[PDB]
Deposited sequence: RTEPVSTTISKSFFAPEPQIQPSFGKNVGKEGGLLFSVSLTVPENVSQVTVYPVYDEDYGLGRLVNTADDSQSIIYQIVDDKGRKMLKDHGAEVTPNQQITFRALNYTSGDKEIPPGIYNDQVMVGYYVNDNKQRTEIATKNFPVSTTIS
């Protein structure tokens, strides 16, 4: 399982792109999910500004069709292909900084779960 990469969104809007995670699909993997764990049940995460405790951003992660990703529901994939997931702002309607959070990547081979730190820049 090669490492996913972060693509910053260089946002304060509802449904606004926050960042992207794209990865290469391993051999024998037929489904991939990337999902937040701040509110696992509802597939919501929380970005926190490293330089300011009081600033956060609630987000959901979606596939290419704008569908929400959960632990038990990922996008169908073909081995060796690339897939991109997008974190979208879940807040209603943002000061710059480095925002942190943790997500998971699930590979359906039997499922393999991997922890993936997220660190991204809001301009």
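K.L.:
What are the unmodelled segments when the structure is compared with the full deposited sequence, in sequence order?
P.N.:
Sequence ranges with no C-alpha atoms are 1-14, 25-27, 111-113, 130-136.
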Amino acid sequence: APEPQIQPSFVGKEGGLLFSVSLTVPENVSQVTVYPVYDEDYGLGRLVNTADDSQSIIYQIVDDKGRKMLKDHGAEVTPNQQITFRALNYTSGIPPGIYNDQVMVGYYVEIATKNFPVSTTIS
From here on, numbers count along this sequence of modelled residues.
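K.L.:
Averaging C-alpha B-factors over each stretch, which comes out higher, 14-22 or 111-119?
P.N.:
Averaging CA B-factors over each stretch, the winner is 111-119.
K.L.:
Got a sec? Mean C-alpha B-factor, which is higher, 38-46 or 73-81?
P.N.:
For C-alpha atoms only, the mean B-factor is higher in 73-81.
K.L.:
Using the temperature factors in the entry, find which of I94, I98, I61, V32 has the highest value at its Cα atom.
P.N.:
If I rank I94, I98, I61, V32 by C-alpha B-factor, first place goes to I94.
K.L.:
Ranking every modelled residue in this chain by its Cα temperature factor as given in the entry, which third contains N89?
P.N.:
It falls in the bottom third of the chain.
K.L.:
Could you place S56 in the lowest, middle or highest third of its chain by Cα temperature factor, using the values in the record?
P.N.:
Answer is lowest: the recorded C-alpha B-factor places it there.
K.L.:
Comparing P8 with the other modelled residues of its chain, is its CA B-factor in the lowest, middle or highest third?
P.N.:
According to the entry, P8 has a C-alpha B-factor in the chain's lowest third.
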